[PDB]
Structures are given as C-alpha cells and as structure tokens.
Amino acid sequence: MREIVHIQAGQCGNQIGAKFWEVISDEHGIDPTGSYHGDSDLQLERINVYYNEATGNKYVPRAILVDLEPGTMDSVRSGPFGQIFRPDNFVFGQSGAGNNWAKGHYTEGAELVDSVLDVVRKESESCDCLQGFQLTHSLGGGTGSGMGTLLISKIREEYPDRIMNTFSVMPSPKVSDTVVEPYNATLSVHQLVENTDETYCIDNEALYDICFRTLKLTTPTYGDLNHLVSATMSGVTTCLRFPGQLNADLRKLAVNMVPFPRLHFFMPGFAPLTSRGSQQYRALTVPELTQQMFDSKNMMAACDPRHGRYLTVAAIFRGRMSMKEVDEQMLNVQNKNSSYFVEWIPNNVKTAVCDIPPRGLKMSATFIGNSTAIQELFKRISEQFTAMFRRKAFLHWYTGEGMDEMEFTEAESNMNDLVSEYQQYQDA
Amino acid sequence: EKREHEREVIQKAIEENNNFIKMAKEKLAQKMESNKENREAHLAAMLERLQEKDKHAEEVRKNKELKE
Ligand SMILES: CC[C@H](C)[C@H](NC(=O)[C@H]1CCCCN1C)C(=O)N(CCCCC(C)C)[C@H](C[C@@H](O)c1nc(C(=O)N[C@@H](Cc2ccc(F)cc2)C[C@H](C)C(=O)O)cs1)C(C)C
Ligand SMILES: Nc1nc2c(ncn2[C@@H]2O[C@H](COP(=O)(O)OP(=O)(O)O)[C@@H](O)[C@H]2O)c(=O)[nH]1
Ligand SMILES: [Mg+2]
C-alpha cells in the first residue's frame with residue numbers, strides 16, 4: 001500500500017474525475033457496487049493505491065467529491081458508477097461560485113473548506129503509507145479553480161511532505177465564452193506554481209481541436225472532450241496502478257520529470273486518438289504508436305513541441321508487444337530528432353511497458369513531456385489576461401469579494417516569470 | 001501568512017458591504033431631513049404672506065372708520 005487520496009472539485013473536476021473512476025474501475029475489474037469480477041491477479045496487486053478495502057470484499061475509491069453547488073454531484077450520484085463512492089465523501093454547498101475565483105478561494109469556498117479537510121483527514125489517517133494527493137479541476141471556473149487551489153494550500157499546510165498532483169483543465173474561447181476565465185486561470189496558475197509538485201496541463205483548446213479536426217466531430221460535446229481526458233488520465237497513472245519498475249510512485253515520477261521546482265507543468269499525449277463507440281478494429285504497430293504519441297496533433301496541451309525543447313519525457317506503452325521493438329522505436333525518435341531534447345540532461349526519456357491494454361484497444365501509448373513549449377499555453381492566458389487587466393475590466397466582481405488589484409499584479413508577474421524561465425532553459 | 005491574508009480579504013468584503021449600507025442610510029437620512037425643512041419653509045412663507053394680507057385688509061377697514 002502506497003495510498004493516493006483523490007479530490008475532485010467543481011463541475012469540470014467532478015465530471016473528468018467521475019470518468020477517471022469509471023475507466024480505472026473497469027481496468028481493475030471493479031463493478032459499480034465495488035465487487036471484484038476480474039480474471040487476473042495483476043489487477044489487484046496495487047489496488048490499494050486508489051481503493052480502500054471494506055468488509056464483504058468491497059473496494060471503495062479513495063475519492064472526495066467537492067463542489068459549491070449540488071447539480072454536478074447529483075448527476076454523479078445518479079450515474080452508473082455513482083453508488084461506488086463513499087457517501088460521506090460527497091461534500092457540497094448550495095450557493096455556487098458564479099465562475100468567480102474570489103468566491104471559490106475567499107468567501108463562498110472558505111465556508112465549506114473545513115468540512116472537505118475533515119474528510120481528507122479521515123482518508124489520510126487511514127493510510128499505511130500515503131503518497132499524497134491528486135486533484136481534478138478546471139482553472140477557468142470558480143469552485144475548481146478558486147476553491148480547488150484553496151484546498152491545495154490547506155492540504156500542503158497539514159501534509160507538507162506529501163506529493164501534490166493536479167489534472168488542471170485550461171480554458172479556451174473555443175469551448176467557453178465566460179469573459180473572466182483568463183482571470184481565474186492566471187490566479188489559479190499562480191497557486192499551482194507555488195504549491196504543486198506535478199501538474200498535467202489538459203488544455204480545452206487542444207481537446208476541442210482534436211475532436212474537430214482529427215476525430216471529425218463537427219459539434220463536440222463535453223463528453224467528447226472528457227473521453228480524451230479519461231484516456232490520458234488512465235494512461236499517465238498506469239505506472240502507479242500496475243507493477244512496477246519506472247515512475248512507480250508520485251515522488252519517483254517527480255524526481256524524473258522536474259529538474260527545477262517551478263517547471264512542473266506537463267504536456268500529455270496519447271495514441272491512438274479515438275471517439276466513443278466509433279470502433280478501432282485495427283491495432284496500431286509499435287512504430288505508429290511511437291510516431292503518433294510524439295505528434296503535435298496528439299498533445300492535450302495546444303503547444304507546438306518543435307517550438308521548444310524537451311527537458312524530460314516519460315513514455316508508457318500498453319498491451320502485449322515486443323519490448324525490443326519499443327526500445328528500438330524510442331531510441332529512433334530521440335536519435336532522429338535529437339535537437340529537441342536538451343543535451344544537458346542525458347538520457348532524459350524513460351520508457352515503461354504494461355501488459356494490460358485499456359478497454360477497447362489492443363495497443364496504446366501515453367506520452368508525458370516536460371517541454372519548454374508549454375510556455376505557449378501560459379503566454380496565451382497572459383495575453384488574454386493583460387488585454388482586460390490593462391483597463392481593469394470586470395475587476396469589480398473580484399474586488400467586491402475583498403480582493404485588491406495587487407493580487408492580480410502578483411499573479412500576472414509570477415506567470416510571466418514562469419514563461420521567461422521556460423525560455424531561459426530553451427536557449428541553454 | 002497566507003491564512004492571515006485570506007482572513008483579511010473576507011473582513012474587507014464584509015467591511016465594504018457594511019460601509020455601503022451605512023452611507024446609503026446616512027445620505028438618505030440627510031436628504032429627507034433637508035427636504036422636510038425646505039418644504040416647511042416654503043409653506044411657512046406662503047402663509048406668512050397670506051397673513052400679511054389679513055393685516056393689510058384690517059388696516060383698510062380701520063382707515064375707513066377713520067373717515068367719520
Ligand atoms: C449553443 C451553445 C453550444 C451548446 C456551445 N457553443 C458555444 O459555446 C460556442 C457558441 C459561440 C462562440 C463559441 N462558443 C464556444 C457548445 O457547443 N458547447 C459548450 C458550451 C456549453 C455552455 C452552456 C451553453 C451550457 C460544447 C459542449 C456542449 O455541447 C455540451 N456538452 C454536454 C455534454 O457533454 N453532456 C453530457 C453530460 C455532461 C453534462 C455536463 C458536463 F459538464 C459534462 C457532461 C452527455 C452527452 C450525451 C455526451 O456525453 O456527449 C452538455 S453541453 C463545447 C465542447 C464547445
Ligand atoms: N473538458 C471539460 N471542460 C469543462 C467541463 N465542464 C466545464 N468545463 C470548462 O471549465 C470551465 C468552467 O469551469 P467549471 O468547472 O464549470 O466551474 P466550477 O463549477 O466553478 O469549477 C470552462 O472553461 C469550461 O469550458 C467538462 O466536463 N469537460
Ligand atoms: Mg459550474
């Protein structure tokens with residue numbers, strides 16, 4: 001047992017979090033009641049990483065569902081896998097947060113946060129050896145961004161020596177039309193730079209473009225977006241959930257992926273890209289998985305990898321395949337494209353292979369890159385932010401909850417510093 | 001230090017909301033007082049002018065009786 005405590009906050013957080021639990025429960029042979037019905041002991045060896053074990057041989061997700069409104073969590077409770085979660089772990093208010101980071105972080109979210117922490121405390125005390133915490137949330141809304149970062153800060157105070165992991169969904173004008181999302185995102189990124197060890201940048205711009213351009217879905221839904229998020233989430237946690245060699249826990253992942261503390265924002269990738277139902281009958285070859293997982297068109301952050309250099313990379317292949325052929329293909333990628341891998345971190349690409357593929361596929365590959373190209377994502381937020389902030393536009397929604405402009409200036413500064421920091425290492 | 005700042009923000013929000021209620025209440029009190037005394041002053045002058053007509057109307061009737 002090296003236990004991870006999962007928290008999901010706000011609409012987006014609870015929606016992609018719900019889907020994560022559906023996917024990994026199916027991969028571990030857990031059904032909606034928490035009963036094991038699998039045909040392989042590999043499924044149970046490291047089940048305690050994500051599931052508590054109750055009497056009756058029942059597995060309960062180590063999952064805390066947080067929100068400031070009840071709508072999304074009634075949707076989760078009423079859903080197919082909803083009966084799996086511990087009922088006292090649903091912690092919710094009635095107010096909502098109005099897509100306002102100040103309300104989530106300082107006023108509405110303050111009132112609820114100590115009852116979330118009581119559930120986190122209970123789950124933590126029950127762990128033989130807690131690794132740390134993983135949070136799912138968006139950065140563009142109110143609850144997930146504002147209250148979610150408040151939670152990160154409180155958890156860090158109680159558990160300063162555990163790993164803090166996030167799946168942070170970045171806002172795009174292709175998906176949302178709320179004008180203040182760059183404000184909420186910039187404030188939330190300021191928090192993530194200081195208080196997380198590892199952040200997966202799931203960018204809605206990338207998710208939309210993949211669905212539109214590549215998957216040929218002319219009117220994508222959130223479900224279409226989330227199907228790519230859950231695949232990625234299944235993929236990047238494989239090393240934590242099955243035996244057992246490379247990046248097998250959160251701290252070991254961090255020591256491999258994070259050469260400087262502030263530069264802990266990752267650019268995930270996935271192959272093959274699929275839409276729901278629409279069937280992959282043809283399995284990919286090892287050469288195609290390797291070409292596709294490094295392709296710009298397969299990144300979940302809308303950044304051009306050729307515009308930066310890779311500091312560190314984790315590649316994780318799933319299914320029954322030739323380990324020899326994986327090794328050849330991985331070496332081939334870094335030898336043919338050697339100038340995109342910083343010379344000053346030797347052997348910065350590490351490779352894992354898990355024998356069990358995901359649902360509906362024989363072969364998959366998941367890419368996790370710490371590239372300096374991720375500055376393009378932050379730079380996009382910064383430009384959207386500065387356009388409004390130079391005229392103090394929409395700032396009354398934030399100052400009316402007691403914030404000062406100085407908080408905005410500091411957050412603007414820290415993110416622009418992050419950008420220049422990435423450019424520093426891109427030119428060394 | 002971050003926990004003390006979170007506290008300060010929520011107190012600022014409460015204080016500005018309370019100051020807004022206060023000023024609305026003071027500004028409305030001084031407006032209504034100012035209006036009442038202004039309107040009483042306008043009616044007082046109206047009737048004090050009508051009472052000067054009654055003093056003049058008796059001077060006219062007494063001036064008649066001083067032609068006897
Ligand atoms: C007529 C508005 C449509 C709905 C909207 N278009 C826009 O916002 C355009 C218009 C103008 C300028 C550019 N913007 C982006 C749109 O297509 N949206 C997002 C905005 C919804 C916000 C308000 C109107 C509710 C898409 C998502 C939208 O179609 C929805 N999907 C779902 C959805 O996924 N529902 C699932 C359940 C679910 C509910 C809520 C969730 F948050 C997630 C999943 C069930 C379905 C059957 C499924 O799995 O496909 C609910 S609403 C984005 C991908 C662009
Ligand atoms: N990919 C994805 N994005 C979402 C989903 N729901 C909301 N968002 C995005 O999240 C942002 C708003 O945050 P939301 O989670 O709804 O607000 P909260 O309830 O206050 O945390 C917008 O940029 C939305 O496009 C979802 O189910 N999937
Ligand atoms: Mg919402």
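So this one's X-ray crystallography, 2.6 Å, going by the header.
From the backbone N, Cα and C atoms, a Cβ is placed for every residue, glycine too.
Swiss-Prot has this to say about the protein:
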type     : residues : note
BINDING  : A:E69    : Mg(2+) binding site
CROSSLNK : A:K58    : ubiquitin cross-link
CROSSLNK : A:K324   : ubiquitin cross-link
MOD_RES  : A:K58    : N6-acetyllysine
MOD_RES  : A:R318   : omega-N-methylarginine
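Checking each of the recorded positions (A:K58, A:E69, A:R318) against A:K324 (ubiquitin cross-link), the C-alpha distance stays within 10 Å for none of them. For A:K58 (ubiquitin cross-link), the same-chain residues 6+ apart in sequence whose C-beta sits under 8 angstroms from its C-beta are A:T33, A:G34, A:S35. Cα separation, A:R318 (omega-N-methylarginine) to the residue listed as 'Mg(2+) binding site', rounded: 38 Å.
The secondary structure of A:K58 (ubiquitin cross-link), as reduced to three states from DSSP, is extended strand.
Most Cβ neighbours within 10 Å, among the recorded positions A:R318, A:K324: A:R318 holds that distinction in the structure as shown. Close to A:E69 (Mg(2+) binding site) in the fold, though at least 6 residues off in sequence, lie A:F92, A:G93, A:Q94, A:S95, A:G96, A:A97, A:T143, each with a CB less than 8 Å from its CB. DSSP assigns A:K324 (ubiquitin cross-link) to a helical segment in the three-state reduction. Mapped onto three states, the DSSP output places A:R318 (omega-N-methylarginine) in strand.
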